[PDB]
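Data block for input-v1.cif (mmCIF, N, CA and C atoms; chains and numbers go by the auth columns):
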data_final
#
loop_
_atom_site.group_PDB
_atom_site.id
_atom_site.type_symbol
_atom_site.label_atom_id
_atom_site.label_comp_id
_atom_site.label_asym_id
_atom_site.label_seq_id
_atom_site.Cartn_x
_atom_site.Cartn_y
_atom_site.Cartn_z
_atom_site.B_iso_or_equiv
_atom_site.auth_seq_id
_atom_site.auth_asym_id
ATOM 1 N N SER A 1 -24.921 52.333 -85.788 0.00 125 A
ATOM 2 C CA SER A 1 -25.445 50.972 -85.707 0.00 125 A
ATOM 3 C C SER A 1 -24.723 49.989 -86.637 0.00 125 A
ATOM 4 N N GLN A 2 -24.515 50.387 -87.899 0.00 126 A
ATOM 5 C CA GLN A 2 -23.861 49.514 -88.876 0.00 126 A
ATOM 6 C C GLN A 2 -22.363 49.377 -88.629 0.00 126 A
ATOM 7 N N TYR A 3 -21.735 50.387 -88.022 0.00 127 A
ATOM 8 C CA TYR A 3 -20.317 50.308 -87.702 0.00 127 A
ATOM 9 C C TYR A 3 -20.056 49.585 -86.385 0.00 127 A
ATOM 10 N N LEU A 4 -21.064 49.452 -85.528 0.00 128 A
ATOM 11 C CA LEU A 4 -20.895 48.821 -84.230 0.00 128 A
ATOM 12 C C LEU A 4 -21.357 47.371 -84.292 0.00 128 A
ATOM 13 N N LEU A 5 -20.693 46.526 -83.508 0.00 129 A
ATOM 14 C CA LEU A 5 -21.067 45.129 -83.343 0.00 129 A
ATOM 15 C C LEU A 5 -21.968 44.992 -82.123 0.00 129 A
ATOM 16 N N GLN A 6 -23.150 44.406 -82.322 0.00 130 A
ATOM 17 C CA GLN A 6 -24.082 44.162 -81.226 0.00 130 A
ATOM 18 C C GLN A 6 -23.601 42.985 -80.382 0.00 130 A
ATOM 19 N N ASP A 7 -24.515 42.297 -79.703 0.00 131 A
ATOM 20 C CA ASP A 7 -24.165 41.138 -78.896 0.00 131 A
ATOM 21 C C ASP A 7 -24.500 39.855 -79.658 0.00 131 A
ATOM 22 N N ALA A 8 -24.264 38.712 -79.006 0.00 132 A
ATOM 23 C CA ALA A 8 -24.593 37.405 -79.571 0.00 132 A
ATOM 24 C C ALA A 8 -24.566 36.329 -78.493 0.00 132 A
ATOM 25 N N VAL A 9 -24.775 36.734 -77.236 0.00 133 A
ATOM 26 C CA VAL A 9 -24.906 35.807 -76.118 0.00 133 A
ATOM 27 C C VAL A 9 -25.824 36.467 -75.094 0.00 133 A
ATOM 28 N N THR A 10 -26.429 35.649 -74.229 0.00 134 A
ATOM 29 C CA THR A 10 -27.483 36.135 -73.341 0.00 134 A
ATOM 30 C C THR A 10 -26.876 36.889 -72.159 0.00 134 A
ATOM 31 N N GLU A 11 -27.189 36.453 -70.938 0.00 135 A
ATOM 32 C CA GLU A 11 -26.435 36.820 -69.745 0.00 135 A
ATOM 33 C C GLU A 11 -26.118 35.609 -68.887 0.00 135 A
ATOM 34 N N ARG A 12 -26.736 34.466 -69.158 0.00 136 A
ATOM 35 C CA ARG A 12 -26.461 33.209 -68.490 0.00 136 A
ATOM 36 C C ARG A 12 -25.447 32.366 -69.245 0.00 136 A
ATOM 37 N N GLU A 13 -25.026 32.812 -70.428 0.00 137 A
ATOM 38 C CA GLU A 13 -24.173 32.034 -71.318 0.00 137 A
ATOM 39 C C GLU A 13 -22.864 32.754 -71.635 0.00 137 A
ATOM 40 N N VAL A 14 -22.521 33.795 -70.874 0.00 138 A
ATOM 41 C CA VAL A 14 -21.460 34.736 -71.231 0.00 138 A
ATOM 42 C C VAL A 14 -20.135 34.037 -71.496 0.00 138 A
ATOM 43 N N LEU A 15 -19.455 33.617 -70.432 0.00 139 A
ATOM 44 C CA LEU A 15 -18.162 32.963 -70.556 0.00 139 A
ATOM 45 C C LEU A 15 -18.257 31.458 -70.378 0.00 139 A
ATOM 46 N N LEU A 16 -19.467 30.906 -70.455 0.00 140 A
ATOM 47 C CA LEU A 16 -19.675 29.465 -70.424 0.00 140 A
ATOM 48 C C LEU A 16 -19.538 28.828 -71.801 0.00 140 A
ATOM 49 N N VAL A 17 -19.713 29.604 -72.870 0.00 141 A
ATOM 50 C CA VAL A 17 -19.422 29.158 -74.229 0.00 141 A
ATOM 51 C C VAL A 17 -17.980 28.677 -74.336 0.00 141 A
#

Give the structure from the file, written as structure tokens.
Amino acid sequence: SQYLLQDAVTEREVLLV
């Protein structure tokens, strides 16, 4: 968990950022 990066975007905002 500490070595892995989680997410930080939803599913409606993926490549729209």

Practice item. Have a look at atom C of residue A:129 and atom C of residue A:141 and let me know their distance in Å, one decimal. Key: 18.5 Å

Please give the centre and size of the box around stretch 136-141 of chain A (axis-aligned, containing every atom listed in the file, 6 Å added per side), with values in Å to one decimal and written as AutoDock Vina command-line options.
--center_x -22.4 --center_y 31.7 --center_z -71.4 --size_x 20.8 --size_y 18.1 --size_z 17.8

Practice item. Find the distance between atom C of residue A:140 and atom C of residue A:125 and write it in Å to one decimal. Key: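 Taking atom C of residue A:140 as the start and atom C of residue A:125 as the end point, the length is 26.4 Å.
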
Please, can chain A be completed to N, CA, C and O atoms and returned as a short mmCIF file (atom, residue, chain, number, x, y, z; two decimals), keeping the file's coordinate frame?
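Written output follows (out_22.cif):
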data_model
loop_
_atom_site.label_atom_id
_atom_site.label_comp_id
_atom_site.auth_asym_id
_atom_site.auth_seq_id
_atom_site.Cartn_x
_atom_site.Cartn_y
_atom_site.Cartn_z
N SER A 125 -24.92 52.33 -85.79
CA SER A 125 -25.44 50.97 -85.71
C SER A 125 -24.72 49.99 -86.64
O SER A 125 -24.37 48.88 -86.22
N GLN A 126 -24.52 50.39 -87.90
CA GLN A 126 -23.86 49.51 -88.88
C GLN A 126 -22.36 49.38 -88.63
O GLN A 126 -21.77 48.36 -89.01
N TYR A 127 -21.74 50.39 -88.02
CA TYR A 127 -20.32 50.31 -87.70
C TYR A 127 -20.06 49.58 -86.38
O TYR A 127 -18.93 49.15 -86.14
N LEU A 128 -21.06 49.45 -85.53
CA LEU A 128 -20.90 48.82 -84.23
C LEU A 128 -21.36 47.37 -84.29
O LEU A 128 -22.27 47.02 -85.04
N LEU A 129 -20.69 46.53 -83.51
CA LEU A 129 -21.07 45.13 -83.34
C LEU A 129 -21.97 44.99 -82.12
O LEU A 129 -21.59 45.40 -81.02
N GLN A 130 -23.15 44.41 -82.32
CA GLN A 130 -24.08 44.16 -81.23
C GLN A 130 -23.60 42.98 -80.38
O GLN A 130 -22.40 42.70 -80.34
N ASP A 131 -24.52 42.30 -79.70
CA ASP A 131 -24.16 41.14 -78.90
C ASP A 131 -24.50 39.85 -79.66
O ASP A 131 -24.95 39.88 -80.81
N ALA A 132 -24.26 38.71 -79.01
CA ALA A 132 -24.59 37.40 -79.57
C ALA A 132 -24.57 36.33 -78.49
O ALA A 132 -24.35 35.15 -78.79
N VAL A 133 -24.78 36.73 -77.24
CA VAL A 133 -24.91 35.81 -76.12
C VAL A 133 -25.82 36.47 -75.09
O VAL A 133 -26.00 37.69 -75.09
N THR A 134 -26.43 35.65 -74.23
CA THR A 134 -27.48 36.14 -73.34
C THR A 134 -26.88 36.89 -72.16
O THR A 134 -26.16 37.88 -72.35
N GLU A 135 -27.19 36.45 -70.94
CA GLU A 135 -26.44 36.82 -69.74
C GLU A 135 -26.12 35.61 -68.89
O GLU A 135 -25.32 35.72 -67.95
N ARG A 136 -26.74 34.47 -69.16
CA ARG A 136 -26.46 33.21 -68.49
C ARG A 136 -25.45 32.37 -69.24
O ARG A 136 -25.04 31.31 -68.74
N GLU A 137 -25.03 32.81 -70.43
CA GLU A 137 -24.17 32.03 -71.32
C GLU A 137 -22.86 32.75 -71.64
O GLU A 137 -22.16 32.35 -72.57
N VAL A 138 -22.52 33.80 -70.87
CA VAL A 138 -21.46 34.74 -71.23
C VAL A 138 -20.14 34.04 -71.50
O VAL A 138 -19.71 33.90 -72.65
N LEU A 139 -19.45 33.62 -70.43
CA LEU A 139 -18.16 32.96 -70.56
C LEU A 139 -18.26 31.46 -70.38
O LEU A 139 -17.23 30.80 -70.17
N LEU A 140 -19.47 30.91 -70.46
CA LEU A 140 -19.68 29.46 -70.42
C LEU A 140 -19.54 28.83 -71.80
O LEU A 140 -19.27 27.62 -71.89
N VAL A 141 -19.71 29.60 -72.87
CA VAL A 141 -19.42 29.16 -74.23
C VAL A 141 -17.98 28.68 -74.34
O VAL A 141 -17.05 29.47 -74.21
#
